[PDB]
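Novice: The following file, model_3.pdb, comprises PDB, C-alpha atoms:
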```pdb
ATOM      1  CA  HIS A   7      52.510 -45.971  20.186
ATOM      2  CA  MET A   8      54.634 -43.927  22.636
ATOM      3  CA  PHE A   9      54.643 -46.469  25.417
ATOM      4  CA  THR A  10      57.767 -48.477  24.595
ATOM      5  CA  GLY A  11      58.423 -52.024  25.733
ATOM      6  CA  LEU A  12      55.297 -52.626  27.787
ATOM      7  CA  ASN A  13      54.569 -56.125  28.860
ATOM      8  CA  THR A  14      51.355 -57.497  30.376
ATOM      9  CA  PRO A  15      50.233 -54.196  31.889
ATOM     10  CA  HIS A  16      48.152 -54.568  35.037
ATOM     11  CA  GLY A  17      46.736 -51.139  35.773
ATOM     12  CA  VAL A  18      46.211 -47.575  34.599
ATOM     13  CA  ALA A  19      45.688 -44.168  36.304
ATOM     14  CA  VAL A  20      45.272 -40.625  34.928
ATOM     15  CA  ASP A  21      45.862 -37.363  36.782
ATOM     16  CA  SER A  22      44.364 -33.843  36.433
ATOM     17  CA  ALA A  23      46.813 -32.890  33.622
ATOM     18  CA  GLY A  24      46.003 -35.973  31.605
ATOM     19  CA  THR A  25      49.282 -37.769  32.461
ATOM     20  CA  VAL A  26      48.744 -41.541  32.171
ATOM     21  CA  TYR A  27      50.473 -43.895  34.658
ATOM     22  CA  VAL A  28      50.739 -47.624  33.867
ATOM     23  CA  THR A  29      51.978 -50.693  35.788
ATOM     24  CA  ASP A  30      54.279 -52.660  33.408
ATOM     25  CA  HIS A  31      53.812 -55.753  35.289
ATOM     26  CA  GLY A  32      56.117 -57.847  33.076
ATOM     27  CA  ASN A  33      59.074 -55.405  33.390
ATOM     28  CA  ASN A  34      58.441 -54.699  37.117
ATOM     29  CA  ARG A  35      58.182 -51.030  36.584
ATOM     30  CA  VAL A  36      55.816 -48.111  36.429
ATOM     31  CA  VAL A  37      55.788 -45.788  33.448
ATOM     32  CA  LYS A  38      54.145 -42.452  32.694
ATOM     33  CA  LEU A  39      53.232 -40.556  29.561
ATOM     34  CA  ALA A  40      52.066 -36.981  29.352
ATOM     35  CA  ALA A  41      49.136 -36.077  27.223
ATOM     36  CA  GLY A  42      50.194 -36.102  23.535
ATOM     37  CA  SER A  43      53.807 -36.588  24.874
ATOM     38  CA  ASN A  44      56.245 -38.464  22.774
ATOM     39  CA  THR A  45      58.437 -40.409  25.088
ATOM     40  CA  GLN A  46      57.656 -42.064  28.397
ATOM     41  CA  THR A  47      59.355 -41.764  31.717
ATOM     42  CA  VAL A  48      60.092 -44.719  33.991
ATOM     43  CA  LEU A  49      59.227 -43.736  37.611
ATOM     44  CA  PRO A  50      62.035 -44.299  40.180
ATOM     45  CA  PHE A  51      60.339 -47.007  42.121
ATOM     46  CA  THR A  52      62.649 -49.794  43.269
ATOM     47  CA  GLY A  53      62.397 -53.371  44.332
ATOM     48  CA  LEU A  54      59.041 -54.010  42.773
ATOM     49  CA  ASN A  55      57.798 -57.466  42.039
ATOM     50  CA  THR A  56      54.758 -57.504  39.740
ATOM     51  CA  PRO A  57      53.342 -53.975  40.344
ATOM     52  CA  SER A  58      49.567 -54.292  39.857
ATOM     53  CA  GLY A  59      47.332 -51.339  40.775
ATOM     54  CA  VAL A  60      48.168 -47.658  40.358
ATOM     55  CA  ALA A  61      46.559 -44.420  41.546
ATOM     56  CA  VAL A  62      47.614 -40.735  41.520
ATOM     57  CA  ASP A  63      46.460 -37.896  43.808
ATOM     58  CA  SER A  64      45.885 -34.205  43.122
ATOM     59  CA  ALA A  65      49.523 -33.469  44.321
ATOM     60  CA  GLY A  66      50.933 -35.908  41.708
ATOM     61  CA  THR A  67      51.872 -38.507  44.283
ATOM     62  CA  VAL A  68      51.815 -41.909  42.671
ATOM     63  CA  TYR A  69      50.618 -45.000  44.585
ATOM     64  CA  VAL A  70      51.349 -48.577  43.434
ATOM     65  CA  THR A  71      50.445 -52.002  44.789
ATOM     66  CA  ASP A  72      53.575 -54.150  44.767
ATOM     67  CA  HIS A  73      51.774 -57.385  44.407
ATOM     68  CA  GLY A  74      54.583 -59.827  44.819
ATOM     69  CA  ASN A  75      55.861 -58.080  47.941
ATOM     70  CA  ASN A  76      52.441 -57.684  49.684
ATOM     71  CA  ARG A  77      52.767 -53.956  50.113
ATOM     72  CA  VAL A  78      51.847 -50.588  48.685
ATOM     73  CA  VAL A  79      54.481 -47.972  47.854
ATOM     74  CA  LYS A  80      54.201 -44.270  46.968
ATOM     75  CA  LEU A  81      56.371 -41.675  45.256
ATOM     76  CA  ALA A  82      55.865 -37.941  45.691
ATOM     77  CA  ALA A  83      56.003 -35.744  42.593
ATOM     78  CA  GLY A  84      59.684 -35.327  41.582
ATOM     79  CA  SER A  85      61.004 -37.655  44.341
ATOM     80  CA  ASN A  86      63.649 -40.296  43.731
ATOM     81  CA  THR A  87      62.770 -42.201  46.931
ATOM     82  CA  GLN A  88      59.571 -44.158  47.515
ATOM     83  CA  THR A  89      58.004 -44.856  50.839
ATOM     84  CA  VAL A  90      56.134 -47.931  51.951
ATOM     85  CA  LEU A  91      52.621 -48.006  53.199
TER      86      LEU A  91
ATOM     87  CA  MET B   8      50.962 -48.573  57.833
ATOM     88  CA  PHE B   9      49.253 -51.458  56.131
ATOM     89  CA  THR B  10      49.433 -54.820  57.798
ATOM     90  CA  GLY B  11      48.911 -58.400  56.665
ATOM     91  CA  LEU B  12      48.242 -57.633  52.992
ATOM     92  CA  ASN B  13      48.355 -60.526  50.638
ATOM     93  CA  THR B  14      48.594 -60.340  46.816
ATOM     94  CA  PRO B  15      47.010 -56.892  46.625
ATOM     95  CA  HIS B  16      45.415 -55.788  43.329
ATOM     96  CA  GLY B  17      43.676 -52.410  42.980
ATOM     97  CA  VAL B  18      44.524 -49.105  44.640
ATOM     98  CA  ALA B  19      42.517 -45.823  44.723
ATOM     99  CA  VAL B  20      43.082 -42.489  46.456
ATOM    100  CA  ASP B  21      40.325 -39.937  47.143
ATOM    101  CA  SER B  22      40.593 -36.145  47.342
ATOM    102  CA  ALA B  23      41.366 -36.339  51.142
ATOM    103  CA  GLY B  24      44.424 -38.526  50.395
ATOM    104  CA  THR B  25      42.894 -41.646  51.846
ATOM    105  CA  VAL B  26      44.295 -44.730  50.087
ATOM    106  CA  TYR B  27      42.046 -47.758  49.434
ATOM    107  CA  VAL B  28      43.620 -51.145  48.581
ATOM    108  CA  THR B  29      41.970 -54.322  47.405
ATOM    109  CA  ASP B  30      43.660 -56.910  49.618
ATOM    110  CA  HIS B  31      42.759 -59.540  47.071
ATOM    111  CA  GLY B  32      44.390 -62.521  48.829
ATOM    112  CA  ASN B  33      42.392 -61.803  51.998
ATOM    113  CA  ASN B  34      39.088 -61.089  50.301
ATOM    114  CA  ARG B  35      38.784 -57.568  51.753
ATOM    115  CA  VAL B  36      39.244 -53.975  50.997
ATOM    116  CA  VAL B  37      41.313 -51.802  53.378
ATOM    117  CA  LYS B  38      41.835 -48.146  53.758
ATOM    118  CA  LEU B  39      44.398 -45.946  55.369
ATOM    119  CA  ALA B  40      43.691 -42.330  56.034
ATOM    120  CA  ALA B  41      46.456 -39.702  55.480
ATOM    121  CA  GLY B  42      48.457 -39.617  58.692
ATOM    122  CA  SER B  43      46.719 -42.524  60.472
ATOM    123  CA  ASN B  44      48.723 -45.568  61.624
ATOM    124  CA  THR B  45      45.555 -47.773  61.720
ATOM    125  CA  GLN B  46      44.144 -49.431  58.659
ATOM    126  CA  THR B  47      40.378 -49.964  58.401
ATOM    127  CA  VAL B  48      38.674 -52.942  56.835
ATOM    128  CA  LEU B  49      35.605 -51.813  54.891
ATOM    129  CA  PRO B  50      32.279 -53.531  55.562
ATOM    130  CA  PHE B  51      32.016 -55.421  52.274
ATOM    131  CA  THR B  52      30.762 -58.925  52.760
ATOM    132  CA  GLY B  53      30.908 -62.022  50.714
ATOM    133  CA  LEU B  54      33.934 -61.011  48.580
ATOM    134  CA  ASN B  55      36.080 -63.599  46.798
ATOM    135  CA  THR B  56      39.118 -62.719  44.681
ATOM    136  CA  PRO B  57      38.211 -59.056  44.447
ATOM    137  CA  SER B  58      40.408 -56.925  42.223
ATOM    138  CA  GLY B  59      39.758 -53.403  41.008
ATOM    139  CA  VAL B  60      38.653 -50.608  43.353
ATOM    140  CA  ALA B  61      37.279 -47.172  42.700
ATOM    141  CA  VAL B  62      35.833 -44.372  44.888
ATOM    142  CA  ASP B  63      33.446 -41.620  43.678
ATOM    143  CA  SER B  64      33.450 -37.957  44.753
ATOM    144  CA  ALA B  65      30.910 -38.879  47.514
ATOM    145  CA  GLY B  66      32.869 -41.686  49.101
ATOM    146  CA  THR B  67      30.973 -44.665  47.568
ATOM    147  CA  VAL B  68      33.445 -47.501  47.052
ATOM    148  CA  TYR B  69      33.219 -49.859  44.063
ATOM    149  CA  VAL B  70      35.054 -53.223  43.907
ATOM    150  CA  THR B  71      35.237 -55.881  41.235
ATOM    151  CA  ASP B  72      34.405 -59.174  42.825
ATOM    152  CA  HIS B  73      34.319 -62.933  42.232
ATOM    153  CA  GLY B  74      36.715 -62.572  39.371
ATOM    154  CA  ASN B  75      34.651 -61.450  36.358
ATOM    155  CA  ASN B  76      31.271 -61.963  38.045
ATOM    156  CA  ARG B  77      30.237 -58.649  39.554
ATOM    157  CA  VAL B  78      30.939 -55.172  40.869
ATOM    158  CA  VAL B  79      29.869 -54.433  44.495
ATOM    159  CA  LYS B  80      29.019 -50.908  45.562
ATOM    160  CA  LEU B  81      29.279 -49.779  49.239
ATOM    161  CA  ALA B  82      27.256 -46.632  49.872
ATOM    162  CA  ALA B  83      28.867 -43.924  52.010
ATOM    163  CA  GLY B  84      27.351 -43.499  55.535
ATOM    164  CA  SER B  85      24.724 -46.283  55.283
ATOM    165  CA  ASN B  86      27.281 -48.928  54.267
ATOM    166  CA  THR B  87      24.549 -50.497  52.184
ATOM    167  CA  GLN B  88      25.993 -52.945  49.684
ATOM    168  CA  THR B  89      24.425 -53.498  46.337
ATOM    169  CA  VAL B  90      25.478 -55.283  43.200
ATOM    170  CA  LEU B  91      25.894 -53.081  40.132
TER     171      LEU B  91
ATOM    172  CA  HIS C   7      55.355 -76.084  41.848
ATOM    173  CA  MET C   8      56.385 -76.534  38.206
ATOM    174  CA  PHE C   9      53.313 -74.412  37.333
ATOM    175  CA  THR C  10      52.652 -71.006  38.818
ATOM    176  CA  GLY C  11      50.278 -68.595  37.113
ATOM    177  CA  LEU C  12      49.064 -65.095  37.928
ATOM    178  CA  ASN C  13      45.477 -63.946  37.843
ATOM    179  CA  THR C  14      44.971 -61.029  35.519
ATOM    180  CA  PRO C  15      43.369 -58.024  37.343
ATOM    181  CA  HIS C  16      39.869 -56.708  36.690
ATOM    182  CA  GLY C  17      39.126 -52.978  36.672
ATOM    183  CA  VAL C  18      36.407 -50.554  37.690
ATOM    184  CA  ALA C  19      36.282 -46.760  37.328
ATOM    185  CA  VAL C  20      33.649 -44.135  38.063
ATOM    186  CA  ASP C  21      33.245 -40.684  36.416
ATOM    187  CA  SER C  22      31.892 -37.432  37.802
ATOM    188  CA  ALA C  23      28.333 -38.349  36.754
ATOM    189  CA  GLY C  24      28.452 -41.681  38.680
ATOM    190  CA  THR C  25      28.670 -43.718  35.468
ATOM    191  CA  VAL C  26      30.605 -46.934  36.243
ATOM    192  CA  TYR C  27      33.170 -48.393  33.816
ATOM    193  CA  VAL C  28      34.034 -52.156  34.119
ATOM    194  CA  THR C  29      36.450 -54.523  32.412
ATOM    195  CA  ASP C  30      34.777 -57.729  31.170
ATOM    196  CA  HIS C  31      37.446 -60.376  30.637
ATOM    197  CA  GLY C  32      35.070 -63.084  29.377
ATOM    198  CA  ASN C  33      33.751 -60.933  26.525
ATOM    199  CA  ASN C  34      37.062 -59.113  26.022
ATOM    200  CA  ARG C  35      35.365 -55.727  26.352
ATOM    201  CA  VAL C  36      34.861 -52.688  28.567
ATOM    202  CA  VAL C  37      31.357 -51.628  29.461
ATOM    203  CA  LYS C  38      29.761 -48.618  30.991
ATOM    204  CA  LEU C  39      26.741 -48.512  33.275
ATOM    205  CA  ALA C  40      24.990 -45.111  33.784
ATOM    206  CA  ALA C  41      23.291 -44.826  37.199
ATOM    207  CA  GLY C  42      19.631 -46.101  36.876
ATOM    208  CA  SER C  43      19.670 -46.734  33.082
ATOM    209  CA  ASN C  44      19.094 -50.472  33.076
ATOM    210  CA  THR C  45      21.572 -50.169  30.174
ATOM    211  CA  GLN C  46      24.965 -51.748  29.688
ATOM    212  CA  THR C  47      26.874 -49.858  26.974
ATOM    213  CA  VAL C  48      29.691 -51.703  25.203
ATOM    214  CA  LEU C  49      32.560 -49.233  24.519
ATOM    215  CA  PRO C  50      34.009 -49.479  20.955
ATOM    216  CA  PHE C  51      37.483 -50.607  21.800
ATOM    217  CA  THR C  52      39.021 -52.936  19.228
ATOM    218  CA  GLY C  53      40.931 -56.125  19.506
ATOM    219  CA  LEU C  54      41.206 -56.427  23.251
ATOM    220  CA  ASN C  55      42.774 -59.369  24.994
ATOM    221  CA  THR C  56      41.731 -59.514  28.580
ATOM    222  CA  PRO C  57      41.515 -55.867  29.684
ATOM    223  CA  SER C  58      43.143 -55.592  33.068
ATOM    224  CA  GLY C  59      42.378 -52.036  34.079
ATOM    225  CA  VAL C  60      40.278 -48.945  33.297
ATOM    226  CA  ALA C  61      40.383 -45.268  34.197
ATOM    227  CA  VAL C  62      38.353 -42.263  33.247
ATOM    228  CA  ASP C  63      39.596 -38.693  33.376
ATOM    229  CA  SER C  64      37.671 -35.465  34.078
ATOM    230  CA  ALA C  65      36.872 -35.088  30.356
ATOM    231  CA  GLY C  66      35.303 -38.556  30.093
ATOM    232  CA  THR C  67      38.240 -40.057  28.183
ATOM    233  CA  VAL C  68      38.470 -43.808  28.982
ATOM    234  CA  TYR C  69      41.839 -45.527  29.251
ATOM    235  CA  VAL C  70      42.287 -49.344  29.226
ATOM    236  CA  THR C  71      45.246 -51.636  29.781
ATOM    237  CA  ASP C  72      45.023 -54.260  27.095
ATOM    238  CA  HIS C  73      46.889 -56.936  29.041
ATOM    239  CA  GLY C  74      47.210 -59.606  26.381
ATOM    240  CA  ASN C  75      48.365 -57.153  23.725
ATOM    241  CA  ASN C  76      50.993 -55.303  25.810
ATOM    242  CA  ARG C  77      49.362 -51.920  25.142
ATOM    243  CA  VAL C  78      47.185 -49.086  26.558
ATOM    244  CA  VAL C  79      44.267 -47.805  24.553
ATOM    245  CA  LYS C  80      42.040 -44.745  24.925
ATOM    246  CA  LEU C  81      38.663 -43.480  23.747
ATOM    247  CA  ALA C  82      37.611 -39.863  24.108
ATOM    248  CA  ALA C  83      33.944 -39.367  25.018
ATOM    249  CA  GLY C  84      31.900 -39.760  21.829
ATOM    250  CA  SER C  85      34.863 -41.020  19.755
ATOM    251  CA  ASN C  86      34.619 -44.074  17.527
ATOM    252  CA  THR C  87      38.209 -45.176  17.146
ATOM    253  CA  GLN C  88      40.594 -45.979  19.916
ATOM    254  CA  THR C  89      44.039 -44.393  20.091
ATOM    255  CA  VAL C  90      46.908 -46.700  21.113
ATOM    256  CA  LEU C  91      49.144 -44.785  23.578
TER     257      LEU C  91
END
```
Take the structure in the file and give it back as structure tokens.

Specialist:
Amino acid sequence: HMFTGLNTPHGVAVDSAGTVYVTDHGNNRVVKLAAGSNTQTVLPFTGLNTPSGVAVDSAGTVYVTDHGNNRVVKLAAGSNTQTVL
Amino acid sequence: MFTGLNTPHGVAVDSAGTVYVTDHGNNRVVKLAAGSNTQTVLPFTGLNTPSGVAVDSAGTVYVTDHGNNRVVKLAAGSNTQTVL
Amino acid sequence: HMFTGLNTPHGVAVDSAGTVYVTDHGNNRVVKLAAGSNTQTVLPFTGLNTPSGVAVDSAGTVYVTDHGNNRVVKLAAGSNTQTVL
């Protein structure tokens, strides 16, 4: 149990390295966990309201549907600044 | 950019970077190709409260539909819909 | 508007063989449907409360967001016991 503090998760995605990405719908955040990895990272998305779906591409770009704000946001690998689709 | 989304649920991205979104509140699935500024509504019909979306290596799009009732498959090229 | 609820998502995933993975809220389970099998396989997850999402990685490992239990579970292909992440 290496996900910490998850609440009512909405969605899951897995990339080519086995990294798991989860929408923590109840804490308005998106978390990831490497394969066998001990502690999670919170992704630097901002201003989310009920993130719901998640997907990840072969470049490690993470896409999330920000349900409560009627939009979709993405975060490039290693970026601290999302963009809005 | 996406326009007029309402209460979106699932998202999927294929190996070309094209992003598919279940626009759950509007009973449709939309896609946006990498670099395009025009979203496309896929030719599903009859959807109500769709949620999850997936896309296979071939471009067949799968959507959960009518809450827990069904999964609808849209075949690449033909756009034939069938129920899983 | 004293009452405002959210609808829990439903998930679908597809592997490299075209096998389709589906959440089934009503039976609190995740099933898999191989192309032209006429066979619905119930995956041996345990103790699910309204699975909200499913993903499958290149090795056939199946990941599920267990919405009502604030957790993510996984099953490697052929495995009998889920791992909680």

Novice: Restricting the calculation to only C-alpha atoms, which member of C:63, C:39, C:49, C:54 is positioned closest to residue 21 (chain A)?

Specialist: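 When distances to residue 21 (chain A) are compared using only C-alpha atoms, the smallest one comes from C:63.
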
Novice: Could you give me, as a PyMOL selection string, the residues within 7 Å of region 14-17 of chain A, counting all atoms listed in the file and dropping anything in the same chain fewer than 6 positions from it?

Specialist: (chain A and resi 28-32+58-60) or (chain C and resi 15+58-59+71+73-74+76)

Novice: Go ahead and align chain C to chain A (same sequence, so just pair every C-alpha in order, least squares) and export the moved chain as a short mmCIF file (atom, residue, chain, number, x, y, z; two decimals) with C-alpha atoms, in the coordinates of the input.

Specialist:
```
data_model
loop_
_atom_site.label_atom_id
_atom_site.label_comp_id
_atom_site.auth_asym_id
_atom_site.auth_seq_id
_atom_site.Cartn_x
_atom_site.Cartn_y
_atom_site.Cartn_z
CA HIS C 7 47.18 -75.94 25.80
CA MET C 8 49.93 -77.04 28.20
CA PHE C 9 51.01 -73.36 28.24
CA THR C 10 48.67 -70.51 29.05
CA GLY C 11 50.04 -67.15 30.13
CA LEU C 12 48.43 -63.84 31.07
CA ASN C 13 49.47 -60.46 29.78
CA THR C 14 50.38 -58.10 32.57
CA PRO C 15 48.31 -54.85 32.42
CA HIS C 16 49.71 -51.41 31.61
CA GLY C 17 48.50 -48.30 33.43
CA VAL C 18 47.77 -44.65 32.76
CA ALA C 19 46.57 -41.94 35.16
CA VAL C 20 45.95 -38.22 34.82
CA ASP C 21 46.05 -35.56 37.60
CA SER C 22 44.13 -32.32 37.98
CA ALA C 23 46.80 -30.39 36.03
CA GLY C 24 46.53 -32.76 33.01
CA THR C 25 49.91 -34.36 33.76
CA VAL C 26 49.81 -37.97 32.49
CA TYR C 27 51.36 -40.86 34.45
CA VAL C 28 52.31 -44.08 32.52
CA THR C 29 53.70 -47.48 33.44
CA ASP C 30 56.70 -48.50 31.31
CA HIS C 31 57.14 -52.26 31.53
CA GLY C 32 60.24 -52.43 29.31
CA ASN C 33 62.23 -50.02 31.48
CA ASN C 34 60.56 -51.16 34.72
CA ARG C 35 59.59 -47.59 35.59
CA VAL C 36 56.74 -45.10 35.85
CA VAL C 37 56.98 -41.83 34.00
CA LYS C 38 55.14 -38.58 34.02
CA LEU C 39 54.44 -36.30 31.08
CA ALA C 40 53.34 -32.68 31.83
CA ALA C 41 51.11 -31.22 29.09
CA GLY C 42 53.37 -29.46 26.45
CA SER C 43 56.72 -29.96 28.28
CA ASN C 44 58.48 -32.13 25.73
CA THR C 45 59.74 -33.74 28.96
CA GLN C 46 59.42 -37.29 30.21
CA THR C 47 60.10 -37.39 33.96
CA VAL C 48 61.17 -40.72 35.46
CA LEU C 49 59.57 -41.09 38.94
CA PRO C 50 62.00 -42.34 41.65
CA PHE C 51 60.37 -45.63 42.45
CA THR C 52 62.81 -48.37 43.40
CA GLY C 53 63.12 -51.95 42.41
CA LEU C 54 60.07 -52.32 40.24
CA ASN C 55 59.21 -55.47 38.36
CA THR C 56 56.75 -54.78 35.64
CA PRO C 57 54.44 -52.09 37.05
CA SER C 58 50.90 -53.05 36.19
CA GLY C 59 48.93 -50.03 37.30
CA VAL C 60 49.15 -46.38 38.41
CA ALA C 61 46.87 -43.91 40.15
CA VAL C 62 47.24 -40.37 41.34
CA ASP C 63 45.17 -38.80 44.10
CA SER C 64 44.05 -35.17 44.54
CA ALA C 65 47.27 -34.37 46.45
CA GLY C 66 49.53 -35.64 43.65
CA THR C 67 50.53 -38.82 45.50
CA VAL C 68 51.31 -41.57 42.93
CA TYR C 69 50.44 -45.19 43.65
CA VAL C 70 51.84 -48.15 41.64
CA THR C 71 51.13 -51.87 41.62
CA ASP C 72 54.50 -53.55 41.47
CA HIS C 73 53.25 -56.72 39.81
CA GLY C 74 56.39 -58.83 39.92
CA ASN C 75 57.09 -57.99 43.55
CA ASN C 76 53.57 -58.59 44.94
CA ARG C 77 53.39 -55.08 46.42
CA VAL C 78 51.95 -51.54 46.08
CA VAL C 79 54.24 -48.56 46.35
CA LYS C 80 53.58 -44.84 46.71
CA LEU C 81 55.39 -41.53 46.24
CA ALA C 82 54.04 -38.27 47.60
CA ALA C 83 54.57 -35.27 45.31
CA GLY C 84 58.16 -34.09 45.76
CA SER C 85 59.18 -37.13 47.86
CA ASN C 86 62.36 -39.08 47.18
CA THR C 87 61.67 -42.44 48.76
CA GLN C 88 58.77 -44.69 48.03
CA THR C 89 56.59 -46.09 50.81
CA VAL C 90 55.55 -49.74 50.46
CA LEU C 91 51.84 -50.01 51.45
#
```

Novice: Between A:66, A:11, A:57, A:50, which residue has the minimum interatomic distance to chain C, considering only C-alpha atoms?

Specialist: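 Once distances to chain C are computed over only C-alpha atoms, the minimum belongs to A:11.
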
Novice: Expanded to explicit residues, what is the PyMOL selection byres ((chain B and resi 48-61) around 8) for this file, as a PyMOL selection string?

Specialist: (chain A and resi 59) or (chain B and resi 15-19+27-32+34-38+46-47+62-63+68-74+81+86+88) or (chain C and resi 15-20+59)

Novice: Take the residues just selected and output them with C-alpha atoms as a short mmCIF file (atom, residue, chain, number, x, y, z; two decimals), in the coordinates of the input.

Specialist:
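Result file follows (selection.cif):
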```
data_model
loop_
_atom_site.label_atom_id
_atom_site.label_comp_id
_atom_site.auth_asym_id
_atom_site.auth_seq_id
_atom_site.Cartn_x
_atom_site.Cartn_y
_atom_site.Cartn_z
CA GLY A 59 47.33 -51.34 40.78
CA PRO B 15 47.01 -56.89 46.62
CA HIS B 16 45.42 -55.79 43.33
CA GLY B 17 43.68 -52.41 42.98
CA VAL B 18 44.52 -49.10 44.64
CA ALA B 19 42.52 -45.82 44.72
CA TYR B 27 42.05 -47.76 49.43
CA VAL B 28 43.62 -51.14 48.58
CA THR B 29 41.97 -54.32 47.40
CA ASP B 30 43.66 -56.91 49.62
CA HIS B 31 42.76 -59.54 47.07
CA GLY B 32 44.39 -62.52 48.83
CA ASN B 34 39.09 -61.09 50.30
CA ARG B 35 38.78 -57.57 51.75
CA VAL B 36 39.24 -53.98 51.00
CA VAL B 37 41.31 -51.80 53.38
CA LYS B 38 41.84 -48.15 53.76
CA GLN B 46 44.14 -49.43 58.66
CA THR B 47 40.38 -49.96 58.40
CA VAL B 62 35.83 -44.37 44.89
CA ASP B 63 33.45 -41.62 43.68
CA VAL B 68 33.44 -47.50 47.05
CA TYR B 69 33.22 -49.86 44.06
CA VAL B 70 35.05 -53.22 43.91
CA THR B 71 35.24 -55.88 41.24
CA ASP B 72 34.40 -59.17 42.82
CA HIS B 73 34.32 -62.93 42.23
CA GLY B 74 36.72 -62.57 39.37
CA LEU B 81 29.28 -49.78 49.24
CA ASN B 86 27.28 -48.93 54.27
CA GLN B 88 25.99 -52.94 49.68
CA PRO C 15 43.37 -58.02 37.34
CA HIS C 16 39.87 -56.71 36.69
CA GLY C 17 39.13 -52.98 36.67
CA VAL C 18 36.41 -50.55 37.69
CA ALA C 19 36.28 -46.76 37.33
CA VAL C 20 33.65 -44.14 38.06
CA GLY C 59 42.38 -52.04 34.08
#
```

Novice: As an exercise, work out the distance from CA of residue 86 (chain C) to CA of residue 62 (chain A) in Å and give it to one decimal place.

Specialist: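 CA of residue 62 (chain A) lies 27.5 Å from CA of residue 86 (chain C).
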
Novice: Looking at all atoms listed in the file, which of A:81, A:61, A:70, A:48 is the one that sits closest to chain C?

Specialist: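 The answer is A:61, which sits nearest to chain C.
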
Novice: I'd like the interatomic distance between CA of residue 36 (chain C) and CA of residue 88 (chain C), to a tenth of an Å.

Specialist: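 That distance, rounded to one decimal, is 12.4 Å.
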
Novice: Could you jot down the CA of residue 8 (chain B) to CA of residue 80 (chain A) separation for me, Å, one decimal place?

Specialist: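 Those two atoms sit 12.1 Å apart.
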